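Residue numbers (PDB author numbering), protein chains in the order written: chain Y, 170 to 208; chain E, 463 to 751; chain D, 532 to 544, 556 to 582; chain I, 22 to 135.
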Amino acid sequence: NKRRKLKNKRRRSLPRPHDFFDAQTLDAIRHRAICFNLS
Amino acid sequence: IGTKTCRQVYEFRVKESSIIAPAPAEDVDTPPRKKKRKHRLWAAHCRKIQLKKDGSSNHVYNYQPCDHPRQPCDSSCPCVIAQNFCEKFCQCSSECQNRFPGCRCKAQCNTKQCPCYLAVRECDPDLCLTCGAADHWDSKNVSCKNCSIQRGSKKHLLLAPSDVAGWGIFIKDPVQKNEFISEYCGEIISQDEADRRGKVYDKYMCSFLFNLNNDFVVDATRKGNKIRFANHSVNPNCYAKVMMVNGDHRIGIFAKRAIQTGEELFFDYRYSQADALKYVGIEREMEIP
Amino acid sequence: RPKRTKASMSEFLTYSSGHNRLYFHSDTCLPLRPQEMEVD
Amino acid sequence: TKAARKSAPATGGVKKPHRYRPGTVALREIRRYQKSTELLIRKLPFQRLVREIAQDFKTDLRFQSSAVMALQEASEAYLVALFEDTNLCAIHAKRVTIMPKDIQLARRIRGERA
Ligand SMILES: Nc1ncnc2c1ncn2[C@@H]1O[C@H](CSCC[C@H](N)C(=O)O)[C@@H](O)[C@H]1O
C-alpha cells in the first residue's frame, strides 16, 4: 500500500486489553522508593 | 437358512403357493422409451414455475416429500405449491418433470455456468457425475467445489477471545475466496419458539439465531459448532449463503476474498441498521483519508 | 521508510503477519498450547 | 413480537435456455446439405403435381414411375443452380438475404426471362 498512513489506523473504540501491571507490586515499589528517598 | 434344504422348502413354497395367493410378479416398461424429454423443457418447466410465484424470491419453503401414488405430477403436487422441485425421494415417478436433472458440467460443479452453483442445489453425489461427486467419496480431495458440505469437509477453525468483542473464530491457514468454510450447524426450531426463546436471548442480548428459511429457524445457543462465535462486520472477509443439499436446507459459509494465516473471521448478520447498532454496533475500522 | 519530515508545529493536531494471540480449546475453553496446532 | 433472526440472501436461479444466434443455424444447415445427396422436395407431391400440369396438355396420361423421378431431379437441378446464382446478385447488393427482385434479375441475365 503506497498510500498507507501512520500506525493509528486500527479503530475508534475497543474493549480494554487488560493491564500487565499489578497493584500490589506498586505498593512495594512505593515503600521501596520511600526508604530509598529517605537515604 | 441352513436349517432346511431346498427340497421340502420348494415343496413348502408349493404348499405356501397353495395356501397364500400367488404373487403378482408384474413388470413394466412405461410408454416413454427415450427422447421427448429435453432438459430445456425442464428449464422451461422451471421457467413456468419461476414466473408464477418464484418471482418474489422471498418464500423459501423447505422440501417436503410429495406423494403421488396414482396422480401424475400435476399442479396439485405439494412441491409445486411449495414452489420447489421434486427430489429422488418424492413419490412422483422417475419421469417426474420437476426433479433436478443433474450437474453434468465437465470441469466441476462450482462456477456460475453450472446449474448447481446458480441454483440452490448442492450437486448430488449421484448426479454431478463429471465433477467426481460419487467417485472416491472417501478421498477428501475432489474436483468439485460444491460437494464439501455433502462430504462435511470443513476447515480447521480456531477459538480465541476475539479482539472486537469476547470470543471469535480464527483460522490456522490461508484460504481463498468463493470456497467452502465450516458449516453453521445447529438446531431445527420453528419461528414461534424462536421468538419465545429469542425473547429470552433478546433480554440477554444473545443472538444465536439464524433465519434458515421462512418455515424453520436454526439456533446455536444450546447446541452448535465452533463458528457460531464468529463476529459480525459490515464489510467482512467472509459471507453467509443458505445452500440446499440432499433435501435439507443448510447454510454454507464462504470467504469473500483471499485470506492468509491467522485472520479472524467475520460475516454480515443481515440485520436492520437499528438492530445493527442495537446488537453489533462495533466495526473496528475507520477511513484512511 | 522513516518519513524524516521537517520539524513543524503544524505536524500535530504495523505490517503484522503470522499468528499474534493465543488460542483456546474450543471444546472446553481451555488454553491450547502451541505444540498441538494440528491435532486440535 | 419477532426475534431478530440472522438471515442470508436467498437466490432462485435455474438453467437458462440456450438459443443459437440467427443465421448460425444456417451455416450449420448449408454444409450438411451440400454434403447431402438426397432429394429436397418430398417424393410424392410431384406425382400429384405433374399428373396435374400434364393433364392440361392432354387427357388420361398414365405416367411411368421412373419418369416422375426424372422430372424430380431436374426441378431440383434447375432450382438449386438458380439460387446459387441468386446469392451472387444478393451479395452484389451488399445485402445478405435474397429477395424476389433478385430471382427476376438473375433470370433475365441468363436469358430465360424472354
Ligand atoms: N461486531 C459486533 N459488535 C458488537 N456486538 C456484536 C458484534 N457481533 C456480534 N455481536 C453480538 O454478540 C452476540 C453473539 S455471542 C458472541 C459475543 C462475543 N463474541 C463473546 O464471545 O462474548 C450477538 O448477540 C451479537 O449481538
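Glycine included, C-beta positions come from ideal geometry on N, C-alpha and C.
DSSP state of residue i mapped onto helix, strand, coil
i, result
"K718/E", "coil"
"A135/I", "coil"
"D677/E", "coil"
"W504/E", "helix"
"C541/E", "helix"
"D664/E", "helix"
"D600/E", "coil"
"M706/E", "strand"
"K23/I", "coil"
"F632/E", "strand"
"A622/E", "strand"
"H113/I", "helix"
"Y701/E", "strand"
"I482/E", "coil"
"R712/E", "strand"
"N108/I", "helix"
"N206/Y", "helix"
"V471/E", "coil"
"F189/Y", "coil"
"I130/I", "helix"
"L92/I", "helix"
"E59/I", "coil"
"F642/E", "strand"
"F566/D", "strand"
"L671/E", "strand"
"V490/E", "coil"
Anticipated Cβ contact below 8 Å, residue i with residue j, distance rounded
i, j, result
"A505/E", "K37/I", "7 Å"
"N608/E", "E641/E", "At roughly 10 Å, the Cβ-Cβ gap does not stay under 8 Å, so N608/E and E641/E are not in contact."
"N546/E", "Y523/E", "6 Å"
"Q553/E", "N708/E", "Rounded, the Cβ-Cβ distance is 17 Å, inconsistent with contact."
"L727/E", "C700/E", "5 Å"
"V696/E", "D657/E", "About 26 Å; that fails the 8 Å criterion."
Exposure of residue i, with buried meaning 16 or more beta-carbon neighbours within 10 Å
i, result
"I631/E", "buried"
"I643/E", "buried"
"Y557/D", "exposed"
"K176/Y", "exposed"
"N206/Y", "exposed"
"residue 153/Y", "Since the first residue of chain Y shown is 170 and the last is 208, residue 153/Y is not available in this structure."
"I62/I", "exposed"
"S669/E", "buried"
"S28/I", "buried"
"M540/D", "exposed"
"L48/I", "exposed"
"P698/E", "buried"
"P121/I", "exposed"
"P576/D", "exposed"
"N693/E", "buried"
"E549/E", "buried"
"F562/E", "buried"
"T107/I", "buried"
*Identify each residue in the region 599 to 623 of chain E for which the Cβ-Cβ distance to at least one residue of chain D is less than 7 Å, and report them in chain order.*
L620, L621, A622
*Three or more C-beta pairs closer than 8 Å, one from the region 716 to 727 of chain E and one from the region 632 to 640 of chain E: is that the case here?*
yes
*Are the region 23 to 35 of chain I and the region 668 to 679 of chain E touching, with three or more C-beta to C-beta distances below 8 Å?*
yes
_Residues in the region 716 to 727 of chain E having any Cβ partner in chain D nearer than 7 Å_ = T723, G724
*What residues from the region 26 to 59 of chain I come within 8 Å of chain E, judged by C-beta to C-beta, listed N to C?*
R26, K27, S28, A29, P30, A31, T32, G33, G34, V35, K36, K37, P38, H39
*Which of the residues in the region 621 to 648 of chain E, read from start to end, lie with their CB under 8 Å from any CB of chain Y?*
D625, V626, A627
*Could you run through the region 501 to 529 of chain E and flag, in chain order, every residue whose CB is less than 8 Å away from some CB of chain I?*
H501, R502, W504, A505, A506, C508, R509, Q512, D516, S519, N520, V522
*Could you say if the region 681 to 695 of chain E and the region 585 to 594 of chain E meet the contact criterion of at least three C-beta pairs nearer than 8 Å?*
no
*Taking only beta carbons into account, state which residues of the region 661 to 689 of chain E come closer than 7 Å to chain D, listed in chain order.*
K688
*Report yes or no: do three or more beta-carbon pairs, one from the region 60 to 74 of chain I and one from the region 528 to 545 of chain E, lie closer than 8 Å?*
no
*asked:* Counting only Cβ-Cβ distances shorter than 7 Å, please list the residues of the region 698 to 715 of chain E near chain I, keeping chain order.
replied: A702, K703, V704, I713
*With 8 Å as the C-beta to C-beta threshold (strictly closer), list the residues of the region 577 to 590 of chain E near chain I in chain order.*
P577, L580, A581, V582
*Which residues, taken in chain order from the region 174 to 193 of chain Y, show a beta carbon closer than 7 Å to some beta carbon of chain E?*
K174, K178, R180, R181, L183, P184
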